[PDB]
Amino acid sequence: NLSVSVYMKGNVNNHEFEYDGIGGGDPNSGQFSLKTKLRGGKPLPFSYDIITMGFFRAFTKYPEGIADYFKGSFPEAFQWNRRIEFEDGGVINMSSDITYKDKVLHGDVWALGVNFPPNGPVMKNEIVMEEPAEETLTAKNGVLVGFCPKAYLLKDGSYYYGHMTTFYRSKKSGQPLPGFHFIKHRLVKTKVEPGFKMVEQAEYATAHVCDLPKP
């Protein structure tokens, strides 16, 4: 078991907010859950679904055949920096500095969302959930880069999409980068209080290579 805490300070379309989160799970299982709580006295004035991934690739089931960059980074752990570029021009950048101290994995997270159409599903809180996703990961320019199409189910039954790019960088000196692989993800908000003042979310994630035969 690995205890997790997280703090996010964010600004999305000039709306400032902060969350604290607590949770954890078995990092080897690739399954963990967090409860986040909004600081302050304002409901969150946009879709929380665009910040769910701000709230630890240490929680990924890695099979023996794939180098686990994230667990390999410990005790120094990693950072990441990330953008999700959405179909309507909105972009959220997020960054996290993850530390493992006092037997807790902590994420110190920034989120900065810009250029969301005021009438778009993000600012109008029209996202129901994000679909499961496949992240494609490759070493490049000395960091690990993941690309992940994101599909968000909207209240009207349609989809809103984004492309996520993440740079993951170990803080362990000279840690080898892993080989090309994928991570399959399912993130679900299992509990949501009005205005996203409290959210419980779970992420399941498993690393894998291609199942398909050769040629």
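Start at 1 and count along the sequence shown; that's the residue number.
Chemist: Residues without coordinates, deposited sequence, stretch from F55 to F56: is the count none, 1 to 3, 4 to 9, or 10 or more?
Modeler: Missing in between: 1 to 3 residues.
Chemist: For the C-alpha atoms alone, is the average B factor greater in 151-159 or in 45-53, going by the entry?
Modeler: Mean C-alpha B-factor is greater for 151-159.
Chemist: Out of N115, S96, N93, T138, which one has a C-alpha B factor higher than all the others in the entry?
Modeler: That would be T138, according to the entry.
Chemist: When the deposited Cα B-factors of this chain's modelled residues are ordered and cut into thirds, is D108 in the lowest, the middle or the highest one?
Modeler: It belongs to the lowest third of the chain when residues are ordered by C-alpha B-factor.
Chemist: Based on the entry's values, in what third of the chain does the Cα temperature factor of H181 lie: lowest, middle or highest?
Modeler: Within its chain, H181 is a lowest-third residue by C-alpha B-factor, going by the deposited values.
Chemist: C-alpha B factor of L38, ranked within the chain: lowest, middle or highest third?
Modeler: Middle third, going by the recorded CA B-factors of the chain.
Chemist: Going by the CA temperature factor in the PDB record, which third of the chain does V4 belong to: lowest, middle or highest?
Modeler: Answer is middle: the recorded C-alpha B-factor places it there.
Chemist: Relative to the other modelled residues of the same chain, rank the CA B-factor of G25 and answer lowest, middle or highest third.
Modeler: Ranked within chain, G25 CA B lands in the highest tercile.
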